[PDB]
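Have a look at final_5.tsv below; it lists TSV, C-alpha atoms and all ligand atoms.
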```
chain	number	residue	atom	x	y	z
A	23	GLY	CA	20.80	87.92	-38.76
A	24	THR	CA	16.99	88.24	-38.86
A	25	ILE	CA	14.48	85.66	-40.12
A	26	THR	CA	12.74	87.78	-42.79
A	27	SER	CA	9.13	86.71	-43.48
A	28	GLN	CA	6.79	87.94	-46.26
A	29	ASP	CA	3.40	89.56	-45.54
A	30	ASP	CA	2.51	90.80	-49.02
A	31	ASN	CA	2.56	89.48	-52.56
A	32	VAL	CA	5.51	87.40	-53.67
A	33	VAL	CA	7.51	86.71	-56.74
A	34	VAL	CA	9.44	83.54	-55.97
A	35	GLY	CA	12.54	82.53	-57.88
A	36	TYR	CA	14.76	79.44	-57.44
A	37	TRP	CA	18.55	79.82	-57.39
A	38	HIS	CA	20.82	77.03	-58.67
A	39	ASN	CA	23.66	75.77	-56.48
A	40	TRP	CA	25.47	74.70	-59.68
A	41	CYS	CA	26.91	76.20	-62.90
A	42	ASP	CA	25.87	75.92	-66.57
A	43	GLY	CA	22.75	73.78	-66.40
A	44	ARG	CA	21.60	72.53	-69.82
A	45	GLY	CA	18.15	73.61	-71.04
A	46	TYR	CA	15.26	71.64	-72.54
A	47	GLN	CA	15.98	73.51	-75.84
A	48	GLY	CA	19.78	73.43	-75.64
A	49	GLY	CA	20.26	76.70	-73.74
A	50	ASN	CA	22.46	77.45	-70.71
A	51	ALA	CA	21.82	78.60	-67.12
A	52	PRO	CA	24.86	80.23	-65.48
A	53	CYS	CA	25.55	80.22	-61.80
A	54	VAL	CA	25.05	83.78	-60.56
A	55	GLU	CA	25.79	85.45	-57.22
A	56	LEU	CA	22.82	86.21	-55.00
A	57	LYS	CA	23.61	89.92	-55.22
A	58	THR	CA	23.03	89.68	-59.01
A	59	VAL	CA	19.44	88.36	-58.71
A	60	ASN	CA	16.83	90.89	-59.80
A	61	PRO	CA	15.40	92.55	-56.64
A	62	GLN	CA	11.79	91.97	-57.72
A	63	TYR	CA	12.39	88.34	-56.76
A	64	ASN	CA	11.51	88.94	-53.13
A	65	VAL	CA	11.68	85.20	-52.32
A	66	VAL	CA	14.79	83.38	-53.44
A	67	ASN	CA	14.97	79.63	-52.97
A	68	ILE	CA	18.43	78.08	-52.65
A	69	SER	CA	18.36	74.82	-54.62
A	70	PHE	CA	18.89	72.23	-53.11
A	71	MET	CA	19.16	70.68	-49.68
A	72	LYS	CA	19.75	66.99	-50.51
A	73	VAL	CA	21.78	63.87	-49.74
A	74	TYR	CA	25.07	64.28	-51.58
A	75	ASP	CA	26.30	60.76	-50.81
A	76	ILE	CA	24.37	57.99	-49.00
A	77	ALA	CA	27.66	57.17	-47.23
A	78	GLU	CA	27.06	60.38	-45.23
A	79	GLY	CA	23.72	59.03	-43.91
A	80	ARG	CA	20.06	59.69	-44.65
A	81	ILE	CA	19.79	63.30	-43.49
A	82	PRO	CA	19.96	65.84	-46.34
A	83	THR	CA	22.17	68.92	-46.04
A	84	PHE	CA	23.46	71.87	-48.04
A	85	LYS	CA	26.98	72.42	-49.36
A	86	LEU	CA	27.69	75.58	-51.32
A	87	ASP	CA	29.11	74.57	-54.71
A	88	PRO	CA	32.72	75.93	-54.80
A	89	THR	CA	32.51	76.27	-58.62
A	90	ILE	CA	30.31	79.30	-57.85
A	91	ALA	CA	33.43	81.00	-56.43
A	92	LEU	CA	31.57	82.46	-53.47
A	93	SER	CA	32.93	82.07	-49.93
A	94	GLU	CA	30.73	80.89	-47.07
A	95	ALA	CA	31.16	84.32	-45.49
A	96	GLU	CA	30.25	86.16	-48.70
A	97	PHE	CA	27.15	83.96	-49.32
A	98	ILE	CA	26.11	84.78	-45.73
A	99	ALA	CA	26.66	88.51	-46.38
A	100	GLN	CA	24.64	88.42	-49.61
A	101	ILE	CA	21.77	86.75	-47.75
A	102	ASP	CA	22.02	89.50	-45.15
A	103	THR	CA	21.81	92.13	-47.89
A	104	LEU	CA	18.71	90.49	-49.36
A	105	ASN	CA	17.18	90.49	-45.87
A	106	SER	CA	17.94	94.23	-45.49
A	107	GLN	CA	16.01	94.78	-48.75
A	108	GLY	CA	12.96	93.00	-47.24
A	109	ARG	CA	13.59	89.85	-49.33
A	110	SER	CA	13.44	86.25	-48.03
A	111	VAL	CA	15.91	83.48	-48.76
A	112	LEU	CA	14.58	79.95	-48.31
A	113	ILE	CA	16.39	76.61	-48.49
A	114	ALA	CA	14.70	74.31	-51.04
A	115	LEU	CA	14.53	70.70	-49.85
A	116	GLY	CA	14.61	68.04	-52.58
A	117	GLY	CA	15.10	68.50	-56.35
A	118	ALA	CA	16.05	65.79	-58.86
A	119	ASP	CA	18.24	62.93	-57.62
A	120	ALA	CA	18.13	64.15	-54.02
A	121	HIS	CA	18.19	60.63	-52.46
A	122	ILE	CA	15.84	61.70	-49.68
A	123	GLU	CA	14.35	58.54	-48.15
A	124	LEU	CA	13.76	59.20	-44.49
A	125	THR	CA	12.76	56.58	-41.88
A	126	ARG	CA	10.51	57.27	-38.88
A	127	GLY	CA	12.69	58.63	-36.09
A	128	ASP	CA	14.78	60.76	-38.49
A	129	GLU	CA	12.61	63.82	-37.81
A	130	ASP	CA	14.72	64.88	-34.84
A	131	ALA	CA	17.98	64.91	-36.86
A	132	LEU	CA	16.27	66.52	-39.85
A	133	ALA	CA	14.90	69.33	-37.66
A	134	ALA	CA	18.41	69.74	-36.17
A	135	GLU	CA	20.04	70.12	-39.57
A	136	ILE	CA	17.36	72.56	-40.78
A	137	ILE	CA	18.02	74.70	-37.69
A	138	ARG	CA	21.78	74.45	-38.03
A	139	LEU	CA	21.71	75.49	-41.67
A	140	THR	CA	19.14	78.25	-40.99
A	141	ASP	CA	21.27	79.73	-38.21
A	142	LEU	CA	24.49	79.43	-40.21
A	143	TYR	CA	23.29	81.04	-43.45
A	144	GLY	CA	20.42	83.20	-42.14
A	145	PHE	CA	17.71	81.40	-44.14
A	146	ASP	CA	14.16	82.67	-43.53
A	147	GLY	CA	12.48	79.32	-44.09
A	148	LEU	CA	12.24	76.19	-46.23
A	149	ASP	CA	10.49	75.11	-49.43
A	150	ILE	CA	9.39	71.49	-49.79
A	151	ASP	CA	10.37	70.74	-53.37
A	152	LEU	CA	10.48	66.91	-53.55
A	153	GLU	CA	11.03	65.07	-56.83
A	154	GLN	CA	8.31	62.67	-57.94
A	155	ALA	CA	10.01	59.55	-56.49
A	156	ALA	CA	10.41	61.21	-53.06
A	157	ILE	CA	6.77	62.24	-52.43
A	158	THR	CA	5.89	58.77	-51.02
A	159	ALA	CA	9.36	57.31	-50.46
A	160	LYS	CA	9.73	55.43	-47.18
A	161	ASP	CA	8.45	57.66	-44.34
A	162	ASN	CA	8.94	61.08	-45.99
A	163	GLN	CA	5.22	61.84	-45.65
A	164	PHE	CA	5.55	61.47	-41.86
A	165	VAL	CA	9.14	62.62	-41.23
A	166	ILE	CA	9.23	65.89	-43.22
A	167	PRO	CA	6.03	67.37	-41.64
A	168	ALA	CA	7.09	66.13	-38.21
A	169	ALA	CA	10.49	67.84	-38.45
A	170	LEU	CA	9.10	71.05	-39.88
A	171	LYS	CA	6.54	71.35	-37.05
A	172	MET	CA	9.44	71.12	-34.63
A	173	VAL	CA	11.44	73.75	-36.55
A	174	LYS	CA	8.46	76.12	-36.73
A	175	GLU	CA	7.95	75.80	-32.94
A	176	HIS	CA	11.65	76.35	-32.26
A	177	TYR	CA	11.61	79.74	-33.96
A	178	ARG	CA	8.11	80.70	-32.73
A	179	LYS	CA	9.69	80.61	-29.24
A	180	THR	CA	11.80	83.73	-29.97
A	181	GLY	CA	9.02	85.45	-31.95
A	182	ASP	CA	10.24	84.38	-35.42
A	183	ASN	CA	8.16	83.14	-38.38
A	184	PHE	CA	10.28	80.44	-40.07
A	185	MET	CA	8.62	80.33	-43.47
A	186	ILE	CA	7.29	77.03	-44.84
A	187	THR	CA	6.37	76.75	-48.52
A	188	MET	CA	5.89	73.88	-50.90
A	189	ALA	CA	6.29	73.28	-54.60
A	190	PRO	CA	4.03	70.28	-55.50
A	191	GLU	CA	3.60	69.28	-59.13
A	192	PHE	CA	-0.09	70.21	-59.63
A	193	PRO	CA	-1.46	66.71	-60.59
A	194	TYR	CA	-0.60	65.53	-57.06
A	195	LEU	CA	-3.07	68.07	-55.59
A	196	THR	CA	-6.23	66.18	-56.42
A	197	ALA	CA	-8.41	65.32	-53.40
A	198	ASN	CA	-6.67	62.54	-51.49
A	199	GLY	CA	-3.69	62.96	-53.88
A	200	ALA	CA	-0.14	61.99	-52.91
A	201	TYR	CA	0.85	65.51	-51.77
A	202	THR	CA	-2.22	65.97	-49.55
A	203	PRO	CA	-0.59	64.54	-46.33
A	204	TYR	CA	2.04	67.33	-46.50
A	205	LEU	CA	-0.72	69.94	-46.82
A	206	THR	CA	-2.95	68.58	-44.06
A	207	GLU	CA	-0.20	67.90	-41.53
A	208	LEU	CA	1.26	71.36	-42.06
A	209	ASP	CA	-2.03	73.30	-42.24
A	210	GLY	CA	-1.50	76.31	-39.98
A	211	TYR	CA	2.30	76.05	-40.33
A	212	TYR	CA	2.79	76.69	-44.08
A	213	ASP	CA	2.90	80.26	-45.35
A	214	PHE	CA	2.05	79.57	-48.99
A	215	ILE	CA	2.14	76.88	-51.66
A	216	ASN	CA	3.78	77.54	-55.05
A	217	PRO	CA	2.76	74.52	-57.20
A	218	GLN	CA	4.55	73.74	-60.48
A	219	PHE	CA	2.05	74.32	-63.27
A	220	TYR	CA	4.58	72.98	-65.77
A	221	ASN	CA	6.34	69.78	-66.90
A	222	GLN	CA	3.04	67.82	-66.80
A	223	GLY	CA	2.43	67.62	-70.56
A	224	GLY	CA	-1.29	67.28	-71.34
A	225	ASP	CA	-2.49	66.99	-67.72
A	226	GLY	CA	-5.31	69.40	-66.98
A	227	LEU	CA	-9.04	69.50	-66.27
A	228	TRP	CA	-12.37	69.38	-68.07
A	229	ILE	CA	-14.75	72.36	-67.92
A	230	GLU	CA	-18.30	72.35	-69.29
A	231	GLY	CA	-18.66	74.88	-72.10
A	232	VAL	CA	-14.90	74.96	-72.76
A	233	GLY	CA	-13.76	71.33	-73.05
A	234	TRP	CA	-10.49	69.65	-72.10
A	235	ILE	CA	-7.99	72.27	-70.83
A	236	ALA	CA	-4.37	71.00	-70.88
A	237	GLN	CA	-1.33	72.57	-69.21
A	238	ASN	CA	0.53	72.36	-72.58
A	239	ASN	CA	-2.20	74.04	-74.67
A	240	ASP	CA	-1.12	77.61	-75.51
A	241	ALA	CA	-4.51	78.49	-77.03
A	242	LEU	CA	-6.29	77.89	-73.71
A	243	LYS	CA	-3.64	79.24	-71.33
A	244	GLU	CA	-5.92	81.85	-69.67
A	245	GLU	CA	-8.58	79.15	-69.11
A	246	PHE	CA	-5.93	76.76	-67.72
A	247	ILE	CA	-4.64	79.29	-65.17
A	248	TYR	CA	-8.10	80.49	-64.17
A	249	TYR	CA	-9.80	77.11	-63.76
A	250	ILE	CA	-6.92	75.22	-62.12
A	251	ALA	CA	-6.49	78.08	-59.62
A	252	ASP	CA	-10.26	78.43	-59.12
A	253	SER	CA	-10.48	74.68	-58.29
A	254	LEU	CA	-7.61	74.84	-55.81
A	255	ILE	CA	-8.79	78.01	-54.00
A	256	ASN	CA	-12.29	76.55	-53.56
A	257	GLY	CA	-11.52	72.82	-53.17
A	258	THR	CA	-13.72	72.08	-56.22
A	259	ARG	CA	-13.49	69.84	-59.29
A	260	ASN	CA	-11.70	67.19	-57.23
A	261	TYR	CA	-8.78	69.38	-56.03
A	262	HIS	CA	-7.51	69.83	-52.52
A	263	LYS	CA	-8.20	73.27	-51.12
A	264	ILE	CA	-5.36	75.78	-50.85
A	265	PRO	CA	-6.72	79.24	-49.85
A	266	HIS	CA	-6.22	82.00	-52.45
A	267	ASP	CA	-4.10	84.14	-50.06
A	268	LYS	CA	-1.70	81.14	-49.79
A	269	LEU	CA	-1.52	80.16	-53.48
A	270	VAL	CA	1.32	81.24	-55.72
A	271	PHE	CA	1.30	80.24	-59.42
A	272	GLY	CA	4.53	78.40	-60.37
A	273	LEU	CA	5.87	78.77	-63.91
A	274	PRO	CA	8.92	78.20	-66.15
A	275	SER	CA	10.98	81.33	-66.84
A	276	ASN	CA	11.27	80.41	-70.50
A	277	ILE	CA	11.16	77.40	-72.83
A	278	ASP	CA	14.63	76.26	-71.72
A	279	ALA	CA	13.63	76.11	-68.02
A	280	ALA	CA	10.98	73.38	-68.46
A	281	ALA	CA	9.72	70.98	-71.12
A	282	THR	CA	6.19	72.45	-71.11
A	283	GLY	CA	4.16	75.12	-69.29
A	284	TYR	CA	5.84	78.35	-70.39
A	285	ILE	CA	3.34	81.18	-70.94
A	286	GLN	CA	3.74	82.47	-74.49
A	287	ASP	CA	1.44	85.47	-73.98
A	288	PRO	CA	1.69	87.06	-70.50
A	289	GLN	CA	-1.70	88.72	-70.94
A	290	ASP	CA	-3.27	85.25	-70.44
A	291	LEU	CA	-1.94	85.38	-66.86
A	292	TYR	CA	-2.93	89.04	-66.32
A	293	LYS	CA	-6.44	88.16	-67.42
A	294	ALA	CA	-6.68	84.98	-65.31
A	295	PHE	CA	-5.31	86.74	-62.19
A	296	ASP	CA	-7.68	89.64	-62.60
A	297	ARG	CA	-10.68	87.26	-62.85
A	298	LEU	CA	-9.62	85.61	-59.62
A	299	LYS	CA	-9.22	89.06	-58.08
A	300	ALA	CA	-12.66	90.20	-59.30
A	301	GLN	CA	-14.39	87.21	-57.61
A	302	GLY	CA	-12.77	88.21	-54.30
A	303	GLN	CA	-10.01	85.54	-54.41
A	304	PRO	CA	-6.76	87.16	-55.62
A	305	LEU	CA	-3.69	84.90	-55.60
A	306	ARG	CA	-0.59	85.67	-53.54
A	307	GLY	CA	1.87	85.88	-56.46
A	308	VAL	CA	3.93	83.87	-58.97
A	309	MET	CA	6.94	81.57	-58.75
A	310	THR	CA	9.46	80.53	-61.37
A	311	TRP	CA	12.08	78.00	-62.17
A	312	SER	CA	14.35	79.93	-62.16
A	313	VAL	CA	16.29	83.14	-61.65
A	314	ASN	CA	19.25	81.46	-63.31
A	315	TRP	CA	17.20	80.60	-66.41
A	316	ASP	CA	15.75	84.14	-66.46
A	317	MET	CA	19.43	85.22	-66.62
A	318	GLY	CA	20.49	82.45	-69.02
A	319	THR	CA	20.95	82.04	-72.77
A	320	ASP	CA	19.22	80.10	-75.54
A	321	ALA	CA	20.99	77.54	-77.72
A	322	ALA	CA	22.31	80.34	-80.01
A	323	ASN	CA	23.72	82.20	-76.92
A	324	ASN	CA	21.08	84.93	-76.99
A	325	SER	CA	20.38	86.33	-73.55
A	326	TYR	CA	16.89	85.65	-72.17
A	327	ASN	CA	17.38	89.15	-70.79
A	328	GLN	CA	15.26	88.73	-67.61
A	329	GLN	CA	12.07	88.40	-69.63
A	330	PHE	CA	10.11	86.62	-66.87
A	331	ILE	CA	10.69	89.23	-64.17
A	332	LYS	CA	10.05	91.99	-66.71
A	333	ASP	CA	6.69	90.40	-67.67
A	334	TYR	CA	5.41	89.69	-64.11
A	335	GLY	CA	7.37	91.71	-61.51
A	336	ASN	CA	5.44	94.97	-61.68
A	337	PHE	CA	2.14	93.23	-62.39
A	338	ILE	CA	2.41	91.33	-59.11
A	339	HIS	CA	4.14	93.91	-56.89
A	340	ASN	CA	1.64	96.66	-57.80
A	341	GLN	CA	-1.33	94.56	-56.56
A	342	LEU	CA	-2.96	95.28	-53.15
A	343	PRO	CA	-1.60	93.22	-50.18
A	344	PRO	CA	-3.42	89.94	-49.21
A	345	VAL	CA	-6.09	89.33	-46.54
A	401	CA	CA	-2.35	75.77	-70.96
A	402	NA	NA	17.34	85.73	-42.53
```
Could you write out this structure as structure tokens?
Amino acid sequence: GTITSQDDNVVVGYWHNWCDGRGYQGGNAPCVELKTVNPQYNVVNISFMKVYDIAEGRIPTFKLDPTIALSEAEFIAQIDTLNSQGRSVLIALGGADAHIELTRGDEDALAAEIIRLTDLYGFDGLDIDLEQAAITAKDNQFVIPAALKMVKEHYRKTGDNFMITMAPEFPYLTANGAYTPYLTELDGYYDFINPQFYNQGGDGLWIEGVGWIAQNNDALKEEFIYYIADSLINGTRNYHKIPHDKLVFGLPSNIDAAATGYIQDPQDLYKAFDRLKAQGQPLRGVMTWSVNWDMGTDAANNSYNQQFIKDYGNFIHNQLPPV
């Protein structure tokens, strides 16, 4: 089909290639068909491209989990339907226990497999979503950017914008931090970054007049969102610069989706986003782990009832487009 790229605000949601994931508070995340995903998720990230068995070699791939009971052809057709709705479907590279440890020279085969998978399934791009251990494993910092440059150029040749996004854990975005080689090598190739502002416990930043602002402090959630974003979009307070029109604020769907980082009161985000807007630096959207958790249950089997997309969908979609 058609590589479908995004020009306006985004609400990004990850999609699990597995069934019945266990939550941090004992809940459950079903596998769901793509066609079931709320349409306000206009970027949907297939999780994950990885190495399934090292006996198959170093190059990660994607294999649709048959437990999902969705044929190759049907998956393809559901991606095509999303594309017809103006929604992008990315392949997410990495995740926990991905076994991605590439050696220099592997970039050619990696690029090949990205293209093959993209052309097979009709993916619109790829999200770099490496686990902690992978960020600086072997030659990943060289190989992954090298391959992605080659993929971007491949599709630029027929007038297509293969999307590149990344999901760094935010503490790795300090100046000269471990994620910065991905950002610098792919400056001018990446479409937007959706960092994970969750699962980092008490990590945070100090601000004069406010104090220590932690990612796990619910009383200072507005100040967390505002100041971490402000630092990133300006390259201040010892953070690497990601421009506001390419920054998307990554969050847990609910308290089962991540250990920490869930926003108890959505108005803290509305307020933080509107401050960033008022200073001429509106962000590009939000991201969540995950559509499956947004559609999951708590430990007592109560539906989460799509609370994340209800809280943020309209807020984000009804903003002006980016510059
Ligand atoms: Ca906080
Ligand atoms: Na497509």
Any chance you could tabulate, as a Markdown table, the residues of chain A at most 7 Å from ligand NA 402 (chain A) with each one's nearest atom pair and distance in Å to one decimal, using all atoms listed in the file, in chain and rising number order?
```
| residue | atom | partner | partner_atom | distance |
| --- | --- | --- | --- | --- |
| A:23 | CA | A:NA402 | NA | 5.6 |
| A:24 | CA | A:NA402 | NA | 4.5 |
| A:25 | CA | A:NA402 | NA | 3.7 |
| A:26 | CA | A:NA402 | NA | 5.0 |
| A:101 | CA | A:NA402 | NA | 6.9 |
| A:102 | CA | A:NA402 | NA | 6.6 |
| A:105 | CA | A:NA402 | NA | 5.8 |
| A:110 | CA | A:NA402 | NA | 6.8 |
| A:111 | CA | A:NA402 | NA | 6.8 |
| A:144 | CA | A:NA402 | NA | 4.0 |
| A:145 | CA | A:NA402 | NA | 4.6 |
| A:146 | CA | A:NA402 | NA | 4.5 |
```
Item checked: Contact residues around residue A:32 with only C-alpha atoms at 7 Å, ignoring same-chain residues under 6 positions, as a list in words ->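 Selected residues are residues 64, 65, 306, 307 and 308 of chain A.
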Next item on the list: Could you tell me which of A:273, A:73, A:313, A:54 comes closest to ligand CA 401 (chain A) if we count only C-alpha atoms and all ligand atoms?
Entry: A:273
Using all atoms listed in the file, I'd like a table of the residues in chain A that come within 10 Å of ligand CA 401 (chain A); for each, show the closest atom pair and its distance in Å rounded to one decimal, ordered by chain and ascending number, as a Markdown table.
```
| residue | atom | partner | partner_atom | distance |
| --- | --- | --- | --- | --- |
| A:219 | CA | A:CA401 | CA | 9.0 |
| A:220 | CA | A:CA401 | CA | 9.1 |
| A:223 | CA | A:CA401 | CA | 9.5 |
| A:224 | CA | A:CA401 | CA | 8.6 |
| A:225 | CA | A:CA401 | CA | 9.4 |
| A:226 | CA | A:CA401 | CA | 8.1 |
| A:235 | CA | A:CA401 | CA | 6.6 |
| A:236 | CA | A:CA401 | CA | 5.2 |
| A:237 | CA | A:CA401 | CA | 3.8 |
| A:238 | CA | A:CA401 | CA | 4.7 |
| A:239 | CA | A:CA401 | CA | 4.1 |
| A:240 | CA | A:CA401 | CA | 5.1 |
| A:241 | CA | A:CA401 | CA | 7.0 |
| A:242 | CA | A:CA401 | CA | 5.3 |
| A:243 | CA | A:CA401 | CA | 3.7 |
| A:244 | CA | A:CA401 | CA | 7.2 |
| A:245 | CA | A:CA401 | CA | 7.3 |
| A:246 | CA | A:CA401 | CA | 4.9 |
| A:247 | CA | A:CA401 | CA | 7.2 |
| A:250 | CA | A:CA401 | CA | 10.0 |
| A:282 | CA | A:CA401 | CA | 9.2 |
| A:283 | CA | A:CA401 | CA | 6.8 |
| A:284 | CA | A:CA401 | CA | 8.6 |
| A:285 | CA | A:CA401 | CA | 7.9 |
| A:286 | CA | A:CA401 | CA | 9.7 |
| A:290 | CA | A:CA401 | CA | 9.5 |
```
Note to self: Need the shell around stretch 66-71 of chain A: protein/DNA/RNA residues with any atom at most 9 Å away, counting all atoms listed in the file. Skip same-chain ones fewer than 6 positions apart. Format as a PyMOL selection string?
What the structure shows: chain A and resi 33-40+56+59+82-85+109-117+120+148-149+151+313
Notebook entry, point to check: Could you name the residues that touch residue A:258 at 12 Å or less, counting all atoms listed in the file, but leaving out those on the same chain fewer than 3 positions away, as a list in words?
Noted result: residues 195, 196, 197, 227, 229, 249, 250, 251, 252, 253, 254, 255, 261, 262, 263, 264 and 265 of chain A
Checklist line | residue A:173 surroundings by all atoms listed in the file, 9 Å radius, close-in-sequence under 4 positions cut, as a list in words | finding: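 Using all atoms listed in the file, the neighbours found are residues 133, 134, 136, 137, 168, 169, 177, 178 and 184 of chain A.
In this structure, atom CA of residue A:124 sits 23.5 Å away from atom CA of residue A:218.
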Next item on the list: Counting all atoms listed in the file, figure out which residue out of A:108, A:52, A:274, A:43 gets nearest to residue A:28.
Entry: A:108
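Relative to atom CA of residue A:159, atom CA of residue A:119 is found at 12.7 Å.
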Item checked: Option closest in space to residue A:99, from A:55, A:296, A:267, A:30 [counting all atoms listed in the file] ->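 Nearest to residue A:99: A:55.
Atom pair atom CA of residue A:165 / atom CA of residue A:127: separated by 7.4 Å.
When only C-alpha atoms are used to measure the gap to residue A:317, the shortest distance among A:47, A:31, A:222, A:276 belongs to A:276.
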Item checked: Nearest candidate to residue A:344 (options A:303, A:206, A:310, A:180; using all atoms listed in the file) ->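 Ranking A:303, A:206, A:310, A:180 by distance to residue A:344, first place goes to A:303.
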Check: What's the 6 Å shell around residue A:153, counting all atoms listed in the file, without same-chain residues fewer than 2 positions away, as a list in words?
Finding: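 That gives residues 117, 118, 155 and 156 of chain A.
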Next item on the list: Between A:103, A:170, A:89, A:216, single out the one closest to residue A:58, counting all atoms listed in the file.
Entry: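 Closest residue, counting all atoms listed in the file: A:103.
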Note to self: Which polymer residues, whether protein, DNA or RNA, lie within 7 Å of the coordinate (7.3, 79.9, -45.5) when you count all atoms listed in the file? List them as a count of residues only, using the chain letters and numbers from the file.
What the structure shows: 10
Checklist line | Protein/DNA/RNA residues near (-5.2, 92.9, -53.8), cut 8 Å, all atoms listed in the file, as a PyMOL selection string | finding: chain A and resi 299+304+341-344
Around stretch 87-93 of chain A, fit a box with edges along x, y and z, padding it by 3 Å on each side, then list its centre and edge lengths in Å to one decimal as AutoDock Vina command-line options.
```
--center_x 31.3 --center_y 78.5 --center_z -54.3 --size_x 10.3 --size_y 13.9 --size_z 14.7
```
